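Protein chains in written order, with PDB author numbering: chain CN, 2 to 204; chain Cl, 2 to 51; chain CX, 37 to 152; chain CG, 53 to 114, 122 to 207; chain Ch, 6 to 75, 78 to 123. Beta carbons: idealized from backbone N, C-alpha and C, even for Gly. Let me begin by presenting the structure, written as structure tokens, before commenting on it.
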Amino acid sequence: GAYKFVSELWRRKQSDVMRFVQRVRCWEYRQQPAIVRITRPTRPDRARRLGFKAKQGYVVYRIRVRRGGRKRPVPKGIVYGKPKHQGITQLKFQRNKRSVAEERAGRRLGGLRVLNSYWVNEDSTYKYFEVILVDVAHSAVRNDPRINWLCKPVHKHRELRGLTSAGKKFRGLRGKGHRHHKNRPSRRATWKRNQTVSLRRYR
Amino acid sequence: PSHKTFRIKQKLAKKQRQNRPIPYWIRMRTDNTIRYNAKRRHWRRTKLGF
Amino acid sequence: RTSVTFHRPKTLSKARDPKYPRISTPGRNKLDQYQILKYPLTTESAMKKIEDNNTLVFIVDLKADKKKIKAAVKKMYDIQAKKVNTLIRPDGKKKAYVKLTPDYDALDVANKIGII
Amino acid sequence: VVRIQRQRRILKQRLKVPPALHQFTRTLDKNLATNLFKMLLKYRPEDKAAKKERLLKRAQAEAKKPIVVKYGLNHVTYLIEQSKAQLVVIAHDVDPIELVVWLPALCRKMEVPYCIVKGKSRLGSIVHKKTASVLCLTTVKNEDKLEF
Amino acid sequence: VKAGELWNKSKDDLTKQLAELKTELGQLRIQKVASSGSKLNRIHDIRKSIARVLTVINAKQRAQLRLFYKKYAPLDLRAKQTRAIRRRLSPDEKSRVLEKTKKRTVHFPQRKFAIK
RNA sequence: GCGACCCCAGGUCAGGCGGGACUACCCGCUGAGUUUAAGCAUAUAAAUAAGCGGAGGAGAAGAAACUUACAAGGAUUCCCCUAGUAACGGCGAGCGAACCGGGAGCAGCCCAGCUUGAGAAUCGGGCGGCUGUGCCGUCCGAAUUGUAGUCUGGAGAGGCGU
RNA sequence: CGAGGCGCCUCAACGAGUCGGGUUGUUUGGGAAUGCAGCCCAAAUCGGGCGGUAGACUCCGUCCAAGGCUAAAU
RNA sequence: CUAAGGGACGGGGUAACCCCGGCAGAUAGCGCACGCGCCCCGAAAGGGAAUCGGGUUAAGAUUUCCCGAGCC
RNA sequence: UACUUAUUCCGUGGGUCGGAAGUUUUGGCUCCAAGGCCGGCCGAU
Ligand SMILES: [K+]
Ligand SMILES: [K+]
Ligand SMILES: [K+]
Ligand SMILES: [K+]
Ligand SMILES: [K+]
Ligand SMILES: [Mg+2]
Ligand SMILES: [Mg+2]
Ligand SMILES: [Mg+2]
Ligand SMILES: [Mg+2]
Ligand SMILES: [Mg+2]
Ligand SMILES: [Mg+2]
Ligand SMILES: [Mg+2]
Ligand SMILES: [Mg+2]
Ligand SMILES: [Mg+2]
Ligand SMILES: [Mg+2]
Ligand SMILES: [Mg+2]
Ligand SMILES: [Mg+2]
Ligand SMILES: [Mg+2]
Ligand SMILES: [Mg+2]
Ligand SMILES: [Mg+2]
Ligand SMILES: [Mg+2]
Ligand SMILES: [Mg+2]
Ligand SMILES: [Mg+2]
Ligand SMILES: [Mg+2]
Ligand SMILES: [Mg+2]
Ligand SMILES: [Mg+2]
Ligand SMILES: [Mg+2]
Ligand SMILES: [Mg+2]
Ligand SMILES: [Mg+2]
Ligand SMILES: [Mg+2]
Ligand SMILES: [Mg+2]
Ligand SMILES: [Mg+2]
Ligand SMILES: [Mg+2]
Ligand SMILES: [Mg+2]
Ligand SMILES: [Mg+2]
Ligand SMILES: [Mg+2]
Ligand SMILES: [Mg+2]
Ligand SMILES: [Mg+2]
Ligand SMILES: [Mg+2]
Ligand SMILES: [Mg+2]
Numbered sequence: 002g003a004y005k006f007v008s009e010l011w012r013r014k015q016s017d018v019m020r021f022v023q024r025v026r027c028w029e030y031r032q033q034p035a036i037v038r039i040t041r042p043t044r045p046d047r048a049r050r051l052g053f054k055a056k057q058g059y060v061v062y063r064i065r066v067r068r069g070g071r072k073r074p075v076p077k078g079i080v081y082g083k084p085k086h087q088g089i090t091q092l093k094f095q096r097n098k099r100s101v102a103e104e105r106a107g108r109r110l111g112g113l114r115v116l117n118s119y120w121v122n123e124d125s126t127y128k129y130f131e132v133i134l135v136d137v138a139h140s141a142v143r144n145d146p147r148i149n150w151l152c153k154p155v156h157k158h159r160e161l162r163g164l165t166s167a168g169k170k171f172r173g174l175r176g177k178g179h180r181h182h183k184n185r186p187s188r189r190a191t192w193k194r195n196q197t198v199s200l201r202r203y204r
Numbered sequence: 002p003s004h005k006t007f008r009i010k011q012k013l014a015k016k017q018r019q020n021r022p023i024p025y026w027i028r029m030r031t032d033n034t035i036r037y038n039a040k041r042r043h044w045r046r047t048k049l050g051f
Numbered sequence: 037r038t039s040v041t042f043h044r045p046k047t048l049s050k051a052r053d054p055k056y057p058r059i060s061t062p063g064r065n066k067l068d069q070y071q072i073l074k075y076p077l078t079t080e081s082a083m084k085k086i087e088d089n090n091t092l093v094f095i096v097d098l099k100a101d102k103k104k105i106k107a108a109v110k111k112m113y114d115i116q117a118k119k120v121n122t123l124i125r126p127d128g129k130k131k132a133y134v135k136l137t138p139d140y141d142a143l144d145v146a147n148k149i150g151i152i
Numbered sequence: 053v054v055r056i057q058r059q060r061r062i063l064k065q066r067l068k069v070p071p072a073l074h075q076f077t078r079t080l081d082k083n084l085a086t087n088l089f090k091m092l093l094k095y096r097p098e099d100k101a102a103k104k105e106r107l108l109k110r111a112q113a114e122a123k124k125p126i127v128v129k130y131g132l133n134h135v136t137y138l139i140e141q142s143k144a145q146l147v148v149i150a151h152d153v154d155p156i157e158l159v160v161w162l163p164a165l166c167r168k169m170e171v172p173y174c175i176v177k178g179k180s181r182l183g184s185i186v187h188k189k190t191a192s193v194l195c196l197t198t199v200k201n202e203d204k205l206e207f
Numbered sequence: 006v007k008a009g010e011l012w013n014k015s016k017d018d019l020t021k022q023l024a025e026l027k028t029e030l031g032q033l034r035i036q037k038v039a040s041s042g043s044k045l046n047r048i049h050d051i052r053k054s055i056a057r058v059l060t061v062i063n064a065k066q067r068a069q070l071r072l073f074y075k078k079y080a081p082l083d084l085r086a087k088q089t090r091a092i093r094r095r096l097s098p099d100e101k102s103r104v105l106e107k108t109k110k111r112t113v114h115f116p117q118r119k120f121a122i123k
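Dropping the structure here:
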């Protein structure tokens, strides 16, 4: 078993070995399009834990997304409203960069279904993720009882409904009990339940 | 104009057929409430904007 | 590489040889002669053309062009058209002026069809 | 695509390469490599047809322990830690280099002879695959004890 | 006329009937524009006969093709359902489970019991 | 020059998948102001309307990196109660849940990691056959940069017996 | 017409630019900071996350994240 | 056919709707294996293959039908 | 303070870069090699 050695090495990102290898790769990704199909995961050990298998029907894509916050896209920085809503520049997108990357991949590849994604690189302006997608029309997927669930119609475009691992992170579903109870079943479902005026017939 | 697209002429032909009086025997049917065409148009009034 | 410019090389491409036909119904000529030649015109203006210019007037399909018209009159009435003039009427239908070649008498053809 | 692969070779030449990566530059000598590979050809695993034929031959009766090269990174890594590897052959061009960059350290720590040879595709050909990326010898035949 | 007899006739006879009824509907459309009083109701009778013949010819063609193709089926011959039904997993695929789940059903299925 | 691989290119190549529509319910983003504060800027309106997307017959959630402080309970969801309460708030106007308890309904599972090496034992496709949502045979390919099987912390592997 | 259960006894592997911390914005009833997000720092394995007031030390209670599926009550 | 201009493959941006055409990307092909290689839309007043005279209807043809005579 | 490969900018139909060795004419034309030596080399380092 060699996967532990690979996993342990990738924990030392600040070593000379990992810094050199990441720097050459970061340069090469900069000369490629923002959505690129790759024949093999760069981090096979990290891909195994996230569900990837070396089978026909599993495909891997590298996605490049821009870093930083979300400037308000209003015509001149001009807001017509109260000063609490007049900020422009220091605002933040509610979804993470990992979900943005796999959401770009899902829109580009409508015939495939996103499994999940993992972090690959970053320099200053770009972050790189590799997204695992499944061809749910291939018989290898359709015959594997561990990935069969992805072929069912309720799992269409789960990256767009916040149902991947990255989506559960920004939805507040990576914790339980108090500090997280308002996010289940969803925050909007919780809010609607607390807005209800229950007028029973015997009151 | 004299210069017409085919699609404009085809629509003008249908509008020509549609502004006729209703047949007289329609008023004789068993449960009939139709009196007139209710959709006659005269070219000088009520232009069709094409 | 005598050129400093790279061009995409020429590669072999095969033709389509499907494993099953997408359409299995043969496909039937729905614009046959009976659709092309609907009926002749019998107005007073149309009847004048028979003895003045050896011409038969027909109501024809909108999809029928001049070539299909002369082929249709040949397969329907065994007569040869010298030329075909067509128009679309203000009622939306298509009207064809079919002038027969000399040695064909439209009045005799009109008698066989039944319009006279 | 041609420009990016040529610039990748130049960038790796200009940038200071850490020793754990620079060690893959030192490869087995050409004379030694042709000796080892001509001996590794003796212990090739059976191809698909040969395995099918051996299955049929057993079925006709209804064998012996074979001596073949071992391959696969997970399997070779397991053998080395179990102290059963007698020789480890590592390809010099594993594209994710973190797959085998620690391998010379593990083999040296476990007191196992190892070498780095040019060509994962050459290692793959021996085991009827493409890009084996590591080969292991645990046992050799008595006819080869002196040569090995 | 008498679709039961139409199903008996061969394909050459069925197309010969189709030709006759097309010639005869044309003779009526000529009569309709000139004059008549009881040839006008023949239009409905004969137009329906043309539909009747073409239905029989078509139904024979499809049944023949369905017999000749029982490998890959032509796209028009394939089972037409809703688009979502066609994308569904098979029962073999829906009922497949892995070994660790098949074992637990073999060794520990739900039992039939009662309380005294 | 013959070759092996890697990365990539072109195909009306063989077989396939996607785009749009619908609005009551559901999932994701984005996001006001009128209004109230007897003025008004925080606050409120409101994590609402509008705006951009994604599904299904339900959706989402879900099997503790949970509560508690007890003699402790034991996935998710919904109802009652908790409770107009703790808290928050020009502590102003206002706002505002959760635990316990009682009900409805109950169900727990699958992987990655070390774990074939006396044999990739796995999978797809073409073709043929048949007992036909599949099974078998043969030939190609995928895969060792890892398919199958074992294992998932409640464990488990190994050893010894019903 | 082999495997599992059970009784007894030396290994026992469990998910990383992730957790966590700082700061900035937003959101919350969550108040020396409820969740989320951007950026900077950046893990561990006699360890890690919690015990609704920030801190250090000593005990105690309690869980094991960062992979996936899951009917019913609605 | 091109004009002012418009759309638009790849690529870039963007939560998405959508916004960007010179940013150069193996430019997707043309002649006779060999040779070469610097998208569309947009004008019935711009550019532009080729027709004349006479006759004819209730209503056409100011060059479309008829007669004759040409042209591309 | 130096370096060049990141990054940035400029140019070209990416058409003679680095090291060594050894056409001024008058508003005209200039391409697809003659020749030499064995498809091949020089001519055209
Ligand atoms: K087969
Ligand atoms: K484990
Ligand atoms: K905060
Ligand atoms: K603890
Ligand atoms: K023009
Ligand atoms: Mg007017
Ligand atoms: Mg109007
Ligand atoms: Mg005309
Ligand atoms: Mg095809
Ligand atoms: Mg849609
Ligand atoms: Mg006020
Ligand atoms: Mg007031
Ligand atoms: Mg006011
Ligand atoms: Mg709305
Ligand atoms: Mg539906
Ligand atoms: Mg669900
Ligand atoms: Mg658990
Ligand atoms: Mg609870
Ligand atoms: Mg009370
Ligand atoms: Mg509120
Ligand atoms: Mg609650
Ligand atoms: Mg209770
Ligand atoms: Mg592949
Ligand atoms: Mg395995
Ligand atoms: Mg076991
Ligand atoms: Mg035991
Ligand atoms: Mg932060
Ligand atoms: Mg803050
Ligand atoms: Mg917001
Ligand atoms: Mg406390
Ligand atoms: Mg974990
Ligand atoms: Mg999980
Ligand atoms: Mg779920
Ligand atoms: Mg119900
Ligand atoms: Mg043009
Ligand atoms: Mg222009
Ligand atoms: Mg675009
Ligand atoms: Mg044009
Ligand atoms: Mg002009
Ligand atoms: Mg006139």
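{"Asked": "By the criterion of Cβ-Cβ separation under 9 Å, what are the contact partners of residue 124/CX in chain Cl?", "Found": "7, 10, 11 and 14"}
{"Asked": "Can you list the residues of chain Cl that residue 127/CX reaches, using a CB-CB cut of under 8 Å?", "Found": "14, 17 and 18"}
{"Asked": "What in chain Ch is Cβ-close to residue 150/CX, meaning under 8 Å?", "Found": "32, 35, 36 and 39"}
{"Asked": "Among 187/CG, 182/CG, 109/CG and 133/CG, which has the Cα closest to the Cα of residue 4/CN?", "Found": "133/CG"}
{"Asked": "Whose C-alpha, out of 186/CG, 86/CG, 76/CG and 176/CG, is nearest the C-alpha of residue 131/CG?", "Found": "186/CG"}
{"Asked": "Spell out whether any CB of chain CN is found under 8 Å from the CB atom of residue 64/CG.", "Found": "yes"}
{"Asked": "Answer yes or no: do residue 128/CG and residue 205/CG have a C-beta to C-beta separation smaller than 8 Å?", "Found": "no"}
{"Asked": "Expressed to the nearest angstrom, what Euclidean distance is found between the alpha-carbon atoms of residue 202/CG and residue 42/CX?", "Found": "56 Å"}
{"Asked": "Relative to the C-alpha of residue 28/Ch, which candidate in 117/Ch, 6/Ch, 46/Ch and 51/Ch has its C-alpha closest?", "Found": "51/Ch"}
{"Asked": "Just to confirm, are residue 150/CG and residue 179/CG a CB contact at a threshold of 8 Å?", "Found": "yes"}
{"Asked": "Going straight from the alpha carbon of residue 130/CN to that of residue 15/Cl, what length do you get?", "Found": "60 Å"}
{"Asked": "Can you confirm whether residue 3/CN, when its beta carbon is compared against all beta carbons of chain CG, has any partner nearer than 8 Å?", "Found": "yes"}
{"Asked": "At a CB-CB cut-off below 8 Å, which residues of chain CX make contact with residue 84/Ch?", "Found": "60"}
{"Asked": "Under 7 Å Cβ-Cβ, which residues of chain Ch neighbour residue 143/CN?", "Found": "96 and 100"}
{"Asked": "Just the Cα atoms here: how many angstroms apart are residue 85/CG and residue 99/CG?", "Found": "24 Å"}
{"Asked": "Give me whichever residues DSSP pairs with residue 132/CX in a beta bridge.", "Found": "94/CX and 122/CX"}
{"Asked": "Within the continuous beta strand (DSSP E) that includes residue 148/CX, where are the two ends?", "Found": "Counting along the chain, residue 148/CX falls outside any beta strand (DSSP E), though it belongs to the alpha helix (DSSP H) covering 142-149."}
{"Asked": "Any idea if residue 104/CG is buried or exposed, counting beta-carbon neighbours within 10 angstroms, 16 or more meaning buried?", "Found": "exposed"}
{"Asked": "Give me the chain Ch residues within the contact set of residue 78/CX, using Cβ-Cβ distance strictly less than 8 Å, ordered along the chain.", "Found": "38 and 39"}
{"Asked": "Name the one or two DSSP bridge partners that residue 123/CN has.", "Found": "128/CN"}
{"Asked": "Please list the partners that residue 27/CN has in chain Ch, where partner means a Cβ-to-Cβ separation under 7 Å.", "Found": "The contacting residues do not exist; residue 27/CN stays about 40 Å from chain Ch at best."}
{"Asked": "Provide the residue(s) that pair with residue 174/CG in DSSP beta bridges, ordered along the chain.", "Found": "148/CG"}
{"Asked": "Taking 8 Å as the threshold (beta carbon to beta carbon), is residue 104/Ch in contact with chain CN?", "Found": "yes"}
{"Asked": "Taking the beta carbon of residue 122/CN as the centre, do at least 16 other beta carbons fall within 10 Å, making it buried, or is it exposed?", "Found": "buried"}
{"Asked": "Please name the residue, chosen from 10/Cl, 17/Cl, 33/Cl and 8/Cl, that lies closest to residue 44/Cl on a Cα-to-Cα basis.", "Found": "17/Cl"}
{"Asked": "In terms of residues, what are the limits of the alpha helix (DSSP H) holding residue 4/CN?", "Found": "4-11"}
{"Asked": "With DSSP run on the structure shown, which of helix, strand or coil describes residue 133/CN?", "Found": "strand"}
{"Asked": "Does residue 147/CN have its Cβ less than 8 Å from a Cβ in chain Ch?", "Found": "yes"}
{"Asked": "What residue from 124/CG, 207/CG, 90/CG and 159/CG has the CA that sits closest to residue 184/CG's CA?", "Found": "90/CG"}
{"Asked": "Once DSSP output is grouped into helix, strand and coil, what is the label at residue 2/Cl?", "Found": "coil"}
{"Asked": "Flag this pair as yes or no: are the beta carbons of residue 193/CG and residue 147/CG separated by less than 8 Å?", "Found": "yes"}
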